[PDB]
Amino acid sequence: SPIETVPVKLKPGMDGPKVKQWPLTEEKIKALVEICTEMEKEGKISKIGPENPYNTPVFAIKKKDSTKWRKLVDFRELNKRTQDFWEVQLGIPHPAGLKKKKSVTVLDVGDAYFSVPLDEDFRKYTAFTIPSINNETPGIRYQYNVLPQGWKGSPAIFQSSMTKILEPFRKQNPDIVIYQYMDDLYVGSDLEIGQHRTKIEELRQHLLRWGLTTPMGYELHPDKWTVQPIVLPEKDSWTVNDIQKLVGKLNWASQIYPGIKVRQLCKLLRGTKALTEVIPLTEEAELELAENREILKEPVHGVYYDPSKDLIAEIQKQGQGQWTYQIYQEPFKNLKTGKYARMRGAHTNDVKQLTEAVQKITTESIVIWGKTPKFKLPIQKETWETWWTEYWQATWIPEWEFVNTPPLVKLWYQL
Amino acid sequence: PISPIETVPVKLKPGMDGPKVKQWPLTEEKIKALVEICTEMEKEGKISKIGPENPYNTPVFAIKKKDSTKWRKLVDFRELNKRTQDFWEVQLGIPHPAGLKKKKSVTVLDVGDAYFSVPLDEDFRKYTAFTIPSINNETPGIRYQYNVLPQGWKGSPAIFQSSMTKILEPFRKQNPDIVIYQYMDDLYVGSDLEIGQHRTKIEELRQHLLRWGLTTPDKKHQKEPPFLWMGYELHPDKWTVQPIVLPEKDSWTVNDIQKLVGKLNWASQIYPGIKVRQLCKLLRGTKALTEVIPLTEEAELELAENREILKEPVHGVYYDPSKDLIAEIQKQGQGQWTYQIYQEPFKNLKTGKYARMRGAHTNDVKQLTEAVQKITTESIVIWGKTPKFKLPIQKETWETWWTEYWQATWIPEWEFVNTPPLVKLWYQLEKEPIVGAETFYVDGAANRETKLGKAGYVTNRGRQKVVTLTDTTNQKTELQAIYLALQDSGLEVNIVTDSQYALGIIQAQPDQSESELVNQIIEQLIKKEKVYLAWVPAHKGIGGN
Ligand SMILES: Cc1n[nH]c2ccc(F)c(Oc3cc(C#N)cc(C#N)c3)c12
């Protein structure tokens, strides 16, 4: 077994995580205790004594598509304190091409980690507790011996063994983009779908040869990731209310889009006219109206991804199963604004939906910038905290604040 | 004894090293006592004599001190505590009576000399040294170091625990039918086994601890029900809060209102009904524990209902993991809600209450969900499962509101329960403009230094008004403006503001507020019959804006 541990070092002065554990259902506690008594006979983890002051939270998800309980460790914290190690020393590079593929496939390769082993000295940072109910039993405390799934140091370590794994496949199909982000490998190609699907089956065996099984995706197509112009409505008979409402949208986009103008139409609004009252459009305004319309489907202009900077994501509830989204680094400076819409069943589940859009958007940043965003989630903390897993399925977790949508911001973006 | 259990490897916080604190000299008297105390302790393996070598020292003291005439050794672990590493708080919450499974037979075992019966990591004894000084600190003191968990020391709680966890392990394993609540230095065993294999299963549990260093009580000593535990009264088939008594005082001090408000939330847990909003409003000092404060009529009015509620006993049932939990909430008055969790109609596992989000622009629809929320969290905590929700709200009311609101809002499982007051929205802003309704284009402003704002409206029917304001804010003026338009508009009005602020506030149908300007506007709005409200960038054309 003996493969030299990669001496992992926390950041200078920064201390290990001491994150509280969330009270869990007894269903996931049971399922964890199992997933965990199995992982220890495989020597993957080891109980730890109170002599350990650290703690990362843990939870139980339900295997995207393949429903059967999976452990999910929340290492966001440890990952921040570990940030020099993964991001800097052993940083894994973002293919610019991945966002352009006719198709991209996500494969989970976190079972790869279990094999390779963890720096005897780093393993304390990795402790987690498996709660009881009503505090009879104390927590079943554990700690890792082999790169964890969820900790970003791992892919950064394994990088060298992954390039070996893919070297013949990469050699044989040099136009296939492989990009590994955490526990997933992103596989992109311009192949036809059946060829793609095939290239990914082949790629799957190569993996199996090392122990990374699954007897694909999310099947993504970044190629077809087109916009959402802020979208103004098509002319006719405009009331005062509607002029007042476009001058509003246009005002706001003017803040993001350059060639914007609203003086032509704003003109008509110097009044004390009743808003049901109709008003003719002095042509010069159909000119202003249109000039903007053209712009609206055309890439802000001076907005560029700055790698030094965090990503931010806002999400609006639009009702009707719709939700919209903006991804930017500096407020108003949108680098990406799509929209996720309801796929029924849990027809009336507002959380079921927010949780899916947070993963759709997280996925796409991962494919566009190779990083996840910080969500401004139009929801109440506790509610999210309580229910965010009953529907969660990604192996990672991005960062989140809880916000309060401005009534008009939900508006402009309304499609 | 001194458990054979492994030791847990204790270390010092990093940039550190053992404390080296000086022994102020001691009274001949206390010196003699420390010396007797230490001698027995030593004879029991609890401590051990030491070299002049060991540099460390944490001071000793000895207190009697009244109805005692027998004293005890007190150790200042204060410094040693600022240098001992950090430990795991392995008990994130303490058992609530309402989650204690309803167990046939229950046994209570309190370990004797708990920290003293557990080894302390060899390489660490060294740091725990104290010194019994010689009469005038003349000679050199007698020096010791612990072999066990010092009382008062940092990691004793943490360590005594792992130590008992491990011991209890292979017992539970070969005895899963058996429930061992490990609290502090107690062991609460319960099972549905009958005094038969029960008081015989318990003497087996015991036997295991002794084989392992831990003394406990015989059936002759093991206490019996009700167990007056941690503020509660536990019988085998029902629990309640421990005996509450509201003071027959004529003149209430801030302090004594606080204790009332405390006891009042304690009882709160099983005594459905309890209100505390009116006595809590009084709690807004000043300060002064000894400050006697006058009770509002509303207060004397609460305390009285509470006095009634607590007339006679209310007890609560225990849990059955096979039956569902039903949670029912009710509207006790403004931002005042109650619930009760039961499994069988009306035999209550437990009660509780919920008071506003300081109710700072909110409506009952928002308040219920905060309660359903708080309640959802407690069941997870307590029972490992959410309950079924019976709410004084209508299915359509909930959906009209949820569908329309910008925050993802999500109640799990519920049913209407026609138990007035039912929860309702008090008015609704229109979706489209009222044709044939006056458009007040409202406005408002404030001067920062002066702090003098104006507030007016100007209509499409040519009207106007321009009220003048004092000691005001840009916010406060944009709402007084909207207030004005509501006052002089009648039944159906359109109102165009430049205030994202107010729009925002009104749009979420508040039906209560901390601000009375906001309160006026609520009183309006409900009166009207049609109110479309709309927004415009200010400093733009927008005449009226
Ligand atoms: C162990 C038990 N299982 N069910 C149950 C019902 C009632 C009751 F009393 C009790 O024991 C106790 C539990 C705790 C706890 N937690 C505390 C005490 C005490 N004293 C006793 C139990």
# chains A, B, ... in the order shown; residues from 1 in each chain; ligands from 1
>>> closest_atom_pairs(of="chain A", to="ligand 1", cutoff="9 Å", atoms="only C-alpha atoms and all ligand atoms", output="CSV")
residue,atom,partner,partner_atom_place_in_ligand_line,distance
A:134,CA,ligand 1,16 (N),8.0
A:135,CA,ligand 1,16 (N),8.0
A:136,CA,ligand 1,16 (N),7.2
>>> interface_residues(of="chain A", to="chain B", cutoff="8 Å", atoms="only C-alpha atoms", output="ChimeraX atom specification")
/A:23-27,49-54,133-139,241,244-245,248,251,263,266-276,316-320,349-351,354,378-380,382-383,386,404-408,410
>>> closest_atom_pairs(of="stretch 313-378 of chain A", to="stretch 213-230 of chain A", cutoff="12 Å", atoms="only C-alpha atoms", output="JSON lines")
{"residue": "A:324", "atom": "CA", "partner": "A:228", "partner_atom": "CA", "distance": 9.5}
{"residue": "A:325", "atom": "CA", "partner": "A:228", "partner_atom": "CA", "distance": 9.9}
{"residue": "A:326", "atom": "CA", "partner": "A:228", "partner_atom": "CA", "distance": 10.3}
{"residue": "A:334", "atom": "CA", "partner": "A:227", "partner_atom": "CA", "distance": 11.4}
{"residue": "A:335", "atom": "CA", "partner": "A:227", "partner_atom": "CA", "distance": 10.4}
{"residue": "A:336", "atom": "CA", "partner": "A:227", "partner_atom": "CA", "distance": 7.7}
{"residue": "A:337", "atom": "CA", "partner": "A:227", "partner_atom": "CA", "distance": 6.6}
{"residue": "A:338", "atom": "CA", "partner": "A:227", "partner_atom": "CA", "distance": 6.0}
{"residue": "A:339", "atom": "CA", "partner": "A:228", "partner_atom": "CA", "distance": 7.9}
{"residue": "A:340", "atom": "CA", "partner": "A:228", "partner_atom": "CA", "distance": 11.4}
{"residue": "A:359", "atom": "CA", "partner": "A:218", "partner_atom": "CA", "distance": 11.2}
{"residue": "A:360", "atom": "CA", "partner": "A:218", "partner_atom": "CA", "distance": 10.0}
{"residue": "A:361", "atom": "CA", "partner": "A:225", "partner_atom": "CA", "distance": 11.5}
{"residue": "A:363", "atom": "CA", "partner": "A:220", "partner_atom": "CA", "distance": 9.4}
{"residue": "A:364", "atom": "CA", "partner": "A:222", "partner_atom": "CA", "distance": 8.0}
{"residue": "A:365", "atom": "CA", "partner": "A:222", "partner_atom": "CA", "distance": 10.8}
{"residue": "A:366", "atom": "CA", "partner": "A:222", "partner_atom": "CA", "distance": 11.3}
{"residue": "A:367", "atom": "CA", "partner": "A:222", "partner_atom": "CA", "distance": 7.9}
{"residue": "A:368", "atom": "CA", "partner": "A:222", "partner_atom": "CA", "distance": 8.7}
>>> write_last_selection(atoms="C-alpha atoms", output="PDB file, in the first residue's frame")
ATOM      1  CA  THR A 324     -33.531  33.993 -13.215  1.00  0.00           C
ATOM      2  CA  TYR A 325     -29.836  34.486 -12.514  1.00  0.00           C
ATOM      3  CA  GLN A 326     -26.900  36.923 -12.695  1.00  0.00           C
ATOM      4  CA  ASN A 334     -22.684  40.880 -15.378  1.00  0.00           C
ATOM      5  CA  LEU A 335     -20.535  38.168 -16.955  1.00  0.00           C
ATOM      6  CA  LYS A 336     -23.419  35.681 -17.197  1.00  0.00           C
ATOM      7  CA  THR A 337     -27.115  35.848 -16.828  1.00  0.00           C
ATOM      8  CA  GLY A 338     -29.273  32.859 -17.674  1.00  0.00           C
ATOM      9  CA  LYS A 339     -32.418  31.401 -16.189  1.00  0.00           C
ATOM     10  CA  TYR A 340     -33.555  28.086 -14.858  1.00  0.00           C
ATOM     11  CA  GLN A 359     -26.582  23.521  -8.943  1.00  0.00           C
ATOM     12  CA  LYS A 360     -27.297  24.422 -12.586  1.00  0.00           C
ATOM     13  CA  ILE A 361     -25.480  27.754 -12.136  1.00  0.00           C
ATOM     14  CA  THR A 363     -22.112  23.675 -12.708  1.00  0.00           C
ATOM     15  CA  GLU A 364     -21.866  26.291 -15.475  1.00  0.00           C
ATOM     16  CA  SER A 365     -19.344  28.499 -13.579  1.00  0.00           C
ATOM     17  CA  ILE A 366     -17.350  25.381 -13.021  1.00  0.00           C
ATOM     18  CA  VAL A 367     -17.400  24.993 -16.853  1.00  0.00           C
ATOM     19  CA  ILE A 368     -16.859  28.684 -17.627  1.00  0.00           C
TER      20      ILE A 368
END
>>> residues_around(residues="residue A:80", least_positions_apart="4", cutoff="12 Å", atoms="only C-alpha atoms", output="MDAnalysis selection string")
chainID A and resid 10:11 14:17 74:76 84:87 151:153 398:399
>>> write_last_selection(atoms="N, CA, C and O atoms", output="PDB file, in the first residue's frame")
ATOM      1  N   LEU A  10      -1.497  23.684   6.447  1.00  0.00           N
ATOM      2  CA  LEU A  10      -2.552  24.692   6.588  1.00  0.00           C
ATOM      3  C   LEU A  10      -1.910  26.034   6.264  1.00  0.00           C
ATOM      4  O   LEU A  10      -0.680  26.155   6.224  1.00  0.00           O
ATOM      5  N   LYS A  11      -2.719  27.065   6.073  1.00  0.00           N
ATOM      6  CA  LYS A  11      -2.135  28.381   5.832  1.00  0.00           C
ATOM      7  C   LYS A  11      -1.421  28.839   7.133  1.00  0.00           C
ATOM      8  O   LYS A  11      -1.769  28.374   8.231  1.00  0.00           O
ATOM      9  N   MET A  14      -3.429  30.388  10.390  1.00  0.00           N
ATOM     10  CA  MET A  14      -4.819  29.963  10.331  1.00  0.00           C
ATOM     11  C   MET A  14      -5.027  28.584  11.001  1.00  0.00           C
ATOM     12  O   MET A  14      -4.206  27.664  10.854  1.00  0.00           O
ATOM     13  N   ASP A  15      -6.114  28.471  11.760  1.00  0.00           N
ATOM     14  CA  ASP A  15      -6.393  27.239  12.474  1.00  0.00           C
ATOM     15  C   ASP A  15      -7.480  26.413  11.846  1.00  0.00           C
ATOM     16  O   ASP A  15      -8.435  26.917  11.253  1.00  0.00           O
ATOM     17  N   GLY A  16      -7.342  25.122  12.056  1.00  0.00           N
ATOM     18  CA  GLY A  16      -8.257  24.137  11.553  1.00  0.00           C
ATOM     19  C   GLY A  16      -9.660  24.564  11.819  1.00  0.00           C
ATOM     20  O   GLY A  16      -9.917  25.520  12.563  1.00  0.00           O
ATOM     21  N   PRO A  17     -10.603  23.881  11.162  1.00  0.00           N
ATOM     22  CA  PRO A  17     -12.028  24.190  11.255  1.00  0.00           C
ATOM     23  C   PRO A  17     -12.599  23.690  12.574  1.00  0.00           C
ATOM     24  O   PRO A  17     -12.238  22.628  13.071  1.00  0.00           O
ATOM     25  N   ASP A  74     -19.070  18.687   4.553  1.00  0.00           N
ATOM     26  CA  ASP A  74     -19.003  20.087   4.213  1.00  0.00           C
ATOM     27  C   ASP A  74     -17.635  20.649   4.629  1.00  0.00           C
ATOM     28  O   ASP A  74     -17.445  21.035   5.774  1.00  0.00           O
ATOM     29  N   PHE A  75     -16.667  20.614   3.711  1.00  0.00           N
ATOM     30  CA  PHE A  75     -15.297  21.107   3.930  1.00  0.00           C
ATOM     31  C   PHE A  75     -15.115  22.543   3.372  1.00  0.00           C
ATOM     32  O   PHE A  75     -14.009  22.919   2.981  1.00  0.00           O
ATOM     33  N   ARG A  76     -16.160  23.344   3.293  1.00  0.00           N
ATOM     34  CA  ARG A  76     -15.974  24.686   2.745  1.00  0.00           C
ATOM     35  C   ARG A  76     -15.002  25.458   3.562  1.00  0.00           C
ATOM     36  O   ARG A  76     -14.335  26.338   3.049  1.00  0.00           O
ATOM     37  N   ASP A  84      -4.076  27.772   0.112  1.00  0.00           N
ATOM     38  CA  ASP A  84      -2.696  28.007  -0.389  1.00  0.00           C
ATOM     39  C   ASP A  84      -2.237  26.721  -1.070  1.00  0.00           C
ATOM     40  O   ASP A  84      -1.765  26.717  -2.215  1.00  0.00           O
ATOM     41  N   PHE A  85      -2.466  25.624  -0.355  1.00  0.00           N
ATOM     42  CA  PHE A  85      -2.130  24.296  -0.822  1.00  0.00           C
ATOM     43  C   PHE A  85      -2.793  23.937  -2.174  1.00  0.00           C
ATOM     44  O   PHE A  85      -2.102  23.719  -3.160  1.00  0.00           O
ATOM     45  N   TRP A  86      -4.120  23.889  -2.229  1.00  0.00           N
ATOM     46  CA  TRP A  86      -4.816  23.561  -3.472  1.00  0.00           C
ATOM     47  C   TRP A  86      -4.743  24.632  -4.555  1.00  0.00           C
ATOM     48  O   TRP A  86      -4.279  24.376  -5.666  1.00  0.00           O
ATOM     49  N   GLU A  87      -5.252  25.820  -4.266  1.00  0.00           N
ATOM     50  CA  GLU A  87      -5.308  26.830  -5.303  1.00  0.00           C
ATOM     51  C   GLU A  87      -3.988  27.272  -5.839  1.00  0.00           C
ATOM     52  O   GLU A  87      -3.873  27.587  -7.022  1.00  0.00           O
ATOM     53  N   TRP A 151     -12.765  17.677   0.040  1.00  0.00           N
ATOM     54  CA  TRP A 151     -11.638  18.548   0.313  1.00  0.00           C
ATOM     55  C   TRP A 151     -10.859  18.752  -0.991  1.00  0.00           C
ATOM     56  O   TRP A 151     -10.450  17.786  -1.630  1.00  0.00           O
ATOM     57  N   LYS A 152     -10.656  20.017  -1.361  1.00  0.00           N
ATOM     58  CA  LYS A 152      -9.997  20.443  -2.586  1.00  0.00           C
ATOM     59  C   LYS A 152      -8.511  20.180  -2.658  1.00  0.00           C
ATOM     60  O   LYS A 152      -7.900  20.364  -3.723  1.00  0.00           O
ATOM     61  N   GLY A 153      -7.896  19.800  -1.546  1.00  0.00           N
ATOM     62  CA  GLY A 153      -6.469  19.489  -1.575  1.00  0.00           C
ATOM     63  C   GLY A 153      -6.258  18.218  -2.376  1.00  0.00           C
ATOM     64  O   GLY A 153      -5.346  18.111  -3.175  1.00  0.00           O
ATOM     65  N   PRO A 398     -21.418  25.323  -2.708  1.00  0.00           N
ATOM     66  CA  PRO A 398     -20.787  26.622  -2.903  1.00  0.00           C
ATOM     67  C   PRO A 398     -21.179  27.421  -1.690  1.00  0.00           C
ATOM     68  O   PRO A 398     -21.819  26.899  -0.762  1.00  0.00           O
ATOM     69  N   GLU A 399     -20.712  28.660  -1.643  1.00  0.00           N
ATOM     70  CA  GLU A 399     -20.960  29.517  -0.513  1.00  0.00           C
ATOM     71  C   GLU A 399     -22.235  30.360  -0.685  1.00  0.00           C
ATOM     72  O   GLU A 399     -22.614  30.784  -1.798  1.00  0.00           O
TER      73      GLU A 399
END
>>> atom_distance(atom1="atom CA of residue A:104", atom2="atom CA of residue A:178")
9.4 Å
>>> residues_around(residues="stretch 58-69 of chain B", least_positions_apart="5", cutoff="6 Å", atoms="only C-alpha atoms", output="ChimeraX atom specification")
/B:21,23,30,74-76,130
>>> residues_around(residues="residue B:312", least_positions_apart="2", cutoff="12 Å", atoms="only C-alpha atoms", output="PyMOL selection string")
chain B and resi 240+243-245+271+306-310+314-315
>>> write_last_selection(atoms="N, CA and C atoms", output="compact mmCIF listing (two decimals), in the first residue's frame")
# COMPACT_ATOMS: atom_id res chain seq x y z
N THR B 240 -43.18 17.00 33.31
CA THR B 240 -43.69 18.35 33.40
C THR B 240 -42.45 19.10 33.80
N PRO B 243 -41.96 22.38 39.67
CA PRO B 243 -42.81 23.30 40.47
C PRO B 243 -42.58 24.82 40.29
N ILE B 244 -43.45 25.48 39.53
CA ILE B 244 -43.34 26.94 39.36
C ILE B 244 -44.23 27.79 40.28
N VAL B 245 -43.68 28.93 40.69
CA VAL B 245 -44.40 29.84 41.57
C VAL B 245 -44.17 31.32 41.28
N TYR B 271 -46.96 24.09 29.38
CA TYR B 271 -48.15 24.82 29.76
C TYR B 271 -48.59 25.59 28.56
N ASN B 306 -51.76 33.80 32.87
CA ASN B 306 -50.67 32.90 33.19
C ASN B 306 -50.88 32.33 34.58
N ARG B 307 -51.44 33.12 35.49
CA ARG B 307 -51.65 32.64 36.85
C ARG B 307 -52.71 31.53 36.84
N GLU B 308 -53.66 31.70 35.92
CA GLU B 308 -54.75 30.77 35.70
C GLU B 308 -54.22 29.51 35.02
N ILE B 309 -53.55 29.72 33.88
CA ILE B 309 -52.95 28.64 33.11
C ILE B 309 -52.20 27.69 34.06
N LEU B 310 -51.50 28.30 35.01
CA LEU B 310 -50.69 27.57 35.98
C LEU B 310 -51.42 27.35 37.28
N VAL B 314 -50.23 20.45 34.52
CA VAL B 314 -50.22 20.09 33.12
C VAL B 314 -48.94 19.24 33.01
N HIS B 315 -49.06 17.99 32.57
CA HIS B 315 -47.96 17.04 32.35
C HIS B 315 -47.89 16.69 30.88
>>> residues_around(residues="residue A:123", least_positions_apart="3", cutoff="8 Å", atoms="only C-alpha atoms", output="VMD selection string")
chain A and resid 118 to 120 126 to 127 143 to 145
>>> atom_distance(atom1="atom CA of residue A:232", atom2="atom CA of residue A:254")
12.9 Å
>>> closest_residue(among="A:415, A:164, A:255, A:72", to="residue A:233", atoms="only C-alpha atoms")
A:415
>>> atom_distance(atom1="atom CA of residue A:91", atom2="atom CA of residue A:128")
25.8 Å
>>> select_by_dssp(residues="stretch 347-391 of chain B", states="alpha helix (DSSP H)", output="PyMOL selection string")
chain B and resi 364-383
>>> write_last_selection(atoms="N, CA, C and O atoms", output="mmCIF file, in the first residue's frame")
data_model
loop_
_atom_site.group_PDB
_atom_site.id
_atom_site.type_symbol
_atom_site.label_atom_id
_atom_site.label_comp_id
_atom_site.auth_asym_id
_atom_site.auth_seq_id
_atom_site.Cartn_x
_atom_site.Cartn_y
_atom_site.Cartn_z
ATOM 1 N N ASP B 364 -49.146 38.040 9.203
ATOM 2 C CA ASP B 364 -49.382 36.681 9.725
ATOM 3 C C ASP B 364 -48.933 35.550 8.767
ATOM 4 O O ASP B 364 -48.457 34.511 9.230
ATOM 5 N N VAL B 365 -49.126 35.671 7.458
ATOM 6 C CA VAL B 365 -48.606 34.609 6.606
ATOM 7 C C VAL B 365 -47.082 34.364 6.859
ATOM 8 O O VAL B 365 -46.655 33.217 7.017
ATOM 9 N N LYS B 366 -46.311 35.454 7.013
ATOM 10 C CA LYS B 366 -44.851 35.404 7.262
ATOM 11 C C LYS B 366 -44.535 34.873 8.654
ATOM 12 O O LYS B 366 -43.561 34.167 8.850
ATOM 13 N N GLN B 367 -45.380 35.228 9.619
ATOM 14 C CA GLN B 367 -45.245 34.817 11.010
ATOM 15 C C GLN B 367 -45.548 33.303 11.185
ATOM 16 O O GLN B 367 -44.914 32.606 11.967
ATOM 17 N N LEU B 368 -46.532 32.784 10.491
ATOM 18 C CA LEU B 368 -46.841 31.368 10.703
ATOM 19 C C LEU B 368 -45.649 30.494 10.337
ATOM 20 O O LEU B 368 -45.198 29.663 11.137
ATOM 21 N N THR B 369 -45.145 30.738 9.125
ATOM 22 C CA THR B 369 -44.018 30.045 8.507
ATOM 23 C C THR B 369 -42.765 30.220 9.360
ATOM 24 O O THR B 369 -41.936 29.323 9.485
ATOM 25 N N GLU B 370 -42.637 31.340 10.033
ATOM 26 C CA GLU B 370 -41.495 31.402 10.915
ATOM 27 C C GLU B 370 -41.705 30.435 12.073
ATOM 28 O O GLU B 370 -40.798 29.811 12.540
ATOM 29 N N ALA B 371 -42.943 30.243 12.475
ATOM 30 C CA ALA B 371 -43.240 29.322 13.551
ATOM 31 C C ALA B 371 -43.088 27.883 13.021
ATOM 32 O O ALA B 371 -42.290 27.087 13.537
ATOM 33 N N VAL B 372 -43.782 27.562 11.940
ATOM 34 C CA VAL B 372 -43.614 26.266 11.330
ATOM 35 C C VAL B 372 -42.124 25.977 11.185
ATOM 36 O O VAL B 372 -41.650 24.880 11.386
ATOM 37 N N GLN B 373 -41.352 27.023 10.944
ATOM 38 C CA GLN B 373 -39.926 26.843 10.773
ATOM 39 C C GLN B 373 -39.172 26.484 12.058
ATOM 40 O O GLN B 373 -38.490 25.467 12.155
ATOM 41 N N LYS B 374 -39.313 27.340 13.046
ATOM 42 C CA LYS B 374 -38.765 27.138 14.347
ATOM 43 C C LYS B 374 -39.257 25.748 14.797
ATOM 44 O O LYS B 374 -38.456 24.903 15.264
ATOM 45 N N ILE B 375 -40.551 25.460 14.618
ATOM 46 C CA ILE B 375 -41.063 24.168 15.072
ATOM 47 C C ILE B 375 -40.423 23.018 14.278
ATOM 48 O O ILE B 375 -40.191 21.913 14.811
ATOM 49 N N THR B 376 -40.150 23.248 12.989
ATOM 50 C CA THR B 376 -39.585 22.165 12.229
ATOM 51 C C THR B 376 -38.208 21.821 12.781
ATOM 52 O O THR B 376 -37.880 20.638 12.940
ATOM 53 N N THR B 377 -37.430 22.854 13.143
ATOM 54 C CA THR B 377 -36.096 22.638 13.678
ATOM 55 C C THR B 377 -35.998 21.833 14.978
ATOM 56 O O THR B 377 -35.128 20.963 15.145
ATOM 57 N N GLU B 378 -36.873 22.171 15.918
ATOM 58 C CA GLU B 378 -36.991 21.499 17.207
ATOM 59 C C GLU B 378 -37.299 19.994 17.037
ATOM 60 O O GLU B 378 -36.825 19.158 17.797
ATOM 61 N N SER B 379 -38.177 19.623 16.117
ATOM 62 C CA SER B 379 -38.507 18.181 16.028
ATOM 63 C C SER B 379 -37.320 17.358 15.536
ATOM 64 O O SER B 379 -37.053 16.276 16.084
ATOM 65 N N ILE B 380 -36.552 17.951 14.603
ATOM 66 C CA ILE B 380 -35.324 17.356 14.036
ATOM 67 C C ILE B 380 -34.395 17.117 15.191
ATOM 68 O O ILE B 380 -34.053 15.992 15.493
ATOM 69 N N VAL B 381 -34.062 18.200 15.877
ATOM 70 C CA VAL B 381 -33.267 18.174 17.091
ATOM 71 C C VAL B 381 -33.731 17.072 18.045
ATOM 72 O O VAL B 381 -32.991 16.049 18.257
ATOM 73 N N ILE B 382 -34.949 17.266 18.590
ATOM 74 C CA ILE B 382 -35.538 16.405 19.586
ATOM 75 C C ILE B 382 -35.868 14.993 19.126
ATOM 76 O O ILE B 382 -35.625 14.047 19.854
ATOM 77 N N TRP B 383 -36.540 14.844 17.986
ATOM 78 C CA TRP B 383 -37.115 13.555 17.596
ATOM 79 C C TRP B 383 -36.549 12.902 16.369
ATOM 80 O O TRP B 383 -37.014 11.822 16.007
#
>>> select_by_dssp(residues="stretch 301-385 of chain B", states="strand (DSSP E)", output="list in words")
residues 326, 327, 328, 329, 330, 331, 332, 333, 336, 337, 338, 339, 340, 341, 342, 343, 344, 347, 348, 349, 350, 351, 352, 353, 354 and 355 of chain B
>>> residues_around(residues="stretch 48-53 of chain B", least_positions_apart="2", cutoff="7 Å", atoms="only C-alpha atoms", output="PyMOL selection string")
chain B and resi 42+45+55+143-146
>>> decode(residues="stretch 525-533 of chain B", atoms="N, CA, C and O atoms", output="compact mmCIF listing (two decimals), in the first residue's frame")
# COMPACT_ATOMS: atom_id res chain seq x y z
N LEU B 525 -54.74 51.63 3.26
CA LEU B 525 -54.71 50.41 2.46
C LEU B 525 -55.80 49.40 2.67
O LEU B 525 -56.44 49.00 1.68
N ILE B 526 -56.04 48.99 3.92
CA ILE B 526 -57.17 48.06 4.21
C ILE B 526 -58.56 48.64 3.89
O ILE B 526 -59.44 47.94 3.35
N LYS B 527 -58.71 49.93 4.22
CA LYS B 527 -59.90 50.74 3.94
C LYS B 527 -60.20 50.81 2.41
O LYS B 527 -61.28 50.35 1.97
N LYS B 528 -59.28 51.34 1.61
CA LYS B 528 -59.49 51.47 0.17
C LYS B 528 -60.09 50.24 -0.47
O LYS B 528 -60.47 49.30 0.20
N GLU B 529 -60.19 50.23 -1.79
CA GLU B 529 -60.79 49.08 -2.40
C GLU B 529 -60.00 48.67 -3.59
O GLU B 529 -60.15 47.56 -4.10
N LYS B 530 -59.12 49.58 -4.00
CA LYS B 530 -58.24 49.37 -5.13
C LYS B 530 -57.05 50.26 -4.99
O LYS B 530 -57.18 51.46 -4.85
N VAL B 531 -55.87 49.67 -4.95
CA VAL B 531 -54.66 50.45 -4.82
C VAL B 531 -53.59 49.84 -5.65
O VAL B 531 -53.16 48.75 -5.36
N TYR B 532 -53.28 50.49 -6.76
CA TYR B 532 -52.17 50.13 -7.61
C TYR B 532 -51.10 51.13 -7.12
O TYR B 532 -51.47 52.26 -6.71
N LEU B 533 -49.84 50.66 -6.99
CA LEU B 533 -48.70 51.47 -6.51
C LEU B 533 -47.55 51.18 -7.46
O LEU B 533 -47.50 50.11 -8.01
